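Trainee: Fold the following and give me the result.
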Amino acid sequence: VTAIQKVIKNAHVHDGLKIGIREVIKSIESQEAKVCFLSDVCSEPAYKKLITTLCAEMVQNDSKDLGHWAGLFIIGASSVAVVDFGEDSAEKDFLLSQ
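Mentor: Numbering: from 1, shown residues only. Have a look at this structure:
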């Protein structure tokens, strides 16, 4: 769980985070979103279904936590989509391997 925060920070630093539903969807529909952090605790789980199917063609808990991790200082995030990353080594070699 602590291996995600670093990645998010790196993404923030090097400009490429599609944060919040529609943007995430757009990123997915095209070869840009290289990893998708979504959530479990939602409403309707229709969102979740949409995400999963799109991925198929990480999961994780809660929205507030995601918002905190994302650039909001804190409105509900729902889903994040990372492009570019911006660095290597340390805790990216863990999470990716896992």
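Trainee: tell me, how many neighbours does residue 6 end up with?
Mentor: 15 (other Cβ atoms under 10 Å). Every residue, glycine included, has its C-beta placed from N, CA and C.
Trainee: Run through the residues that contact it.
Mentor: By Cβ atoms under 8 Å, 6 or more residues apart in numbering, the contact set of residue 6 is 90-92.
Trainee: Residue 83: which of these is nearest?
Mentor: Closest approach between the contacts of residue 6 and residue 83, by Cβ to Cβ: residue 92, at 14.6 Å.
Trainee: For residue 4, give me its contacts.
Mentor: Applying Cβ under 8 Å, 6+ apart, we find residue 4 in contact with 37, 58, 60, 69, 95.
Trainee: what about the third one, which helix or strand?
Mentor: Counting by DSSP states H and E, no helix or strand carries residue 60.
Trainee: Wait, it touches residue 36, no?
Mentor: No: applying Cβ atoms under 8 Å, one finds residue 60 not in contact with residue 36, separated by 10.3 Å.
Trainee: And the helices in this protein?
Mentor: Secondary structure of the chain (DSSP state H): helices at 2-14, 22-28, 46-56, 64-69, 92-97.
Trainee: To residue 85, which of these lies closest?
Mentor: Going by Cβ to Cβ, the one of the helices of the chain nearest residue 85 is helix 2-14, 5.8 Å.
Trainee: Dump that closest one to PDB, keeping only the CA atoms.
Mentor: Coordinates of each C-alpha in helix 2-14 appear next as PDB, following Å, rounded to 0.1, in the frame of the first residue of the first chain:
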ATOM      1  CA  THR A   2       3.000   2.400   0.700                       C
ATOM      2  CA  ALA A   3       4.500   1.500  -2.700                       C
ATOM      3  CA  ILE A   4       1.600   3.400  -4.500                       C
ATOM      4  CA  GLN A   5       2.100   6.800  -2.800                       C
ATOM      5  CA  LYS A   6       5.600   7.200  -4.200                       C
ATOM      6  CA  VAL A   7       4.400   6.400  -7.700                       C
ATOM      7  CA  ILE A   8       1.600   8.900  -7.400                       C
ATOM      8  CA  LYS A   9       4.100  11.600  -6.200                       C
ATOM      9  CA  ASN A  10       6.300  10.800  -9.200                       C
ATOM     10  CA  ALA A  11       3.400  11.100 -11.500                       C
ATOM     11  CA  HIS A  12       2.500  14.500  -9.900                       C
ATOM     12  CA  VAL A  13       6.000  15.700 -10.400                       C
ATOM     13  CA  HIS A  14       6.300  14.700 -14.100                       C
END
